[PDB]
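Engineer: here are the coordinates; sequence isn't available:
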Ligand SMILES: O[C@@H]1[C@@H](O)[C@H](O[C@@H]2CO[C@@H](O[C@@H]3CO[C@@H](O)[C@H](O)[C@H]3O)[C@H](O)[C@H]2O)OC[C@H]1O
Ligand SMILES: [Ca+2]
């Protein structure tokens, strides 16, 4: 063990490494934190996520004023592209909605990377079989 499950919420602020000089962790009104001040080409890595025996869907709780994408990659921002979440505008960086995307079947313990194409605030993400 010593391993977050893919099937419970992974807090987006709980990255192990990241690229993006302007990236902030900040607190949410209802409790907890989220990541934000994201720009194109920023990424975060979440070490040792246990995808167990298969996940084929990702859900992210996100907020943004303009449609944007989050790529879900293996290992590094240059790794295998498992899928892309096409994030709709929610009207506000404070209005959060759960958004889902399919991914290639992913199993076992993996390092997961989210790669951003523009501004978005992210509370958590989770996978489903
Ligand atoms: O309540 C706070 C949120 O509103 C805050 O959202 C940030 C708002 O600023 C965003 O940056 C703008 C994106 O578009 C660019 O063209 C502008 O130059 C930027 O300033 C940023 O992406 C959001 O995260 O987040 C923190 C909350 O406390
Ligand atoms: Ca969070």
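Structural biologist: Right, received. Where do you want to start? Residues are numbered from 1 along each chain as shown. Ligands and ions are numbered 1, 2, ... in the order given.
Engineer: burial count for residue 40?
Structural biologist: Residues contacting residue 40 under the criterion other CB atoms under 10 Å number 12. For every residue, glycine as well, the C-beta is placed using N, CA and C.
Engineer: Now name the helix or strand holding it.
Structural biologist: Taking DSSP states H and E as the definition, residue 40 sits outside all helices and strands.
Engineer: what does this protein have sitting close to ligand 2?
Structural biologist: By CB under 5 Å from the ion, the part of the chain that sits against ligand 2 consists of 11, 32, 34, 123-124.
Engineer: export these to JSON lines and tack on distance to residue 100?
Structural biologist: Compiled in JSON lines, those are given as follows (distance: CB to CB, whole Å):
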{"residue": "11", "distance to residue 100": "18"}
{"residue": "32", "distance to residue 100": "20"}
{"residue": "34", "distance to residue 100": "18"}
{"residue": "123", "distance to residue 100": "14"}
{"residue": "124", "distance to residue 100": "13"}
